[PDB]
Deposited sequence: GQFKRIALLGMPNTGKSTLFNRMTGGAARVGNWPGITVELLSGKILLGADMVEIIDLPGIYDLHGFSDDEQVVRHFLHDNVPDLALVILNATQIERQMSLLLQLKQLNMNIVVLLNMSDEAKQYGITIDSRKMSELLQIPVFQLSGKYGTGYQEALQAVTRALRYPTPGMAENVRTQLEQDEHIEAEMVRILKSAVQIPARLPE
């Protein structure tokens, strides 16, 4: 019944850690439409409203065929998030940007969190989050700090629903889902296994 915030990012980007910070727990929830796996999930008060956070498996390619990538698409297809809170490791920004841009092409509602930003600056990495936000057309926040500003932006991004956005997102996944369906189909018929 509550609006859904999905945590999305690559593996080991601090997602479970952020989840624990937001919820104060490590609750796992199963019986999600479309997937059999149990995921870290919890509901929080965000201002006056209650919202549901779900930590999605870390993945490298939105359109890839690793098991985690399949699970993420199934979840997103059948449980279109009201917000994708995309977590990027500042220290590895060059290598992590692709997932963000892929998710943006799904036509989801996104807020970007640039994690480990101090560690980045301790190396020689400087990030202009205003410029990044400007070019992306997406809110971008750095976390060292930055957390309360990030939550504020979450509330703003959930304030006005978009009719037809579930159908839009489902449609952008269809091509990957077709490949998967064809795999299952052809393997079931043409390949016999022990």
Stretches of the record's deposited sequence for which the structure holds no C-alpha atoms: 1, 146 to 149, 200 to 204
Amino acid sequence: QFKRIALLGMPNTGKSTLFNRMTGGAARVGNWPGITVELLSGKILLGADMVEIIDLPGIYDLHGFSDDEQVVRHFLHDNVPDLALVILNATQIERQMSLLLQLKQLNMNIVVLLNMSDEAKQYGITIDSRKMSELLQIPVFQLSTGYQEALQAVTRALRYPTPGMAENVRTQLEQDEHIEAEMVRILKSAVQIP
From here on, numbers count along this sequence of modelled residues.
Comparing 29 to 37 with 124 to 132, the one whose average Cα B-factor in the PDB entry is higher: 124 to 132
Per the entry, higher mean C-alpha B factor between 51 to 59 and 134 to 142: 134 to 142
Options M116, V72, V111, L99 - largest CA temperature factor per the record: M116
Third of the chain, ranked by Cα B-factor, where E167 sits: middle
CA B-factor placement of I186, once the chain's modelled residues are sorted into thirds: highest
Lowest, middle or highest third - CA B-factor, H178: highest
Where the record places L106 (Cα B-factor, split into thirds across the chain): middle
Lowest, middle or highest third - CA B-factor, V80: middle
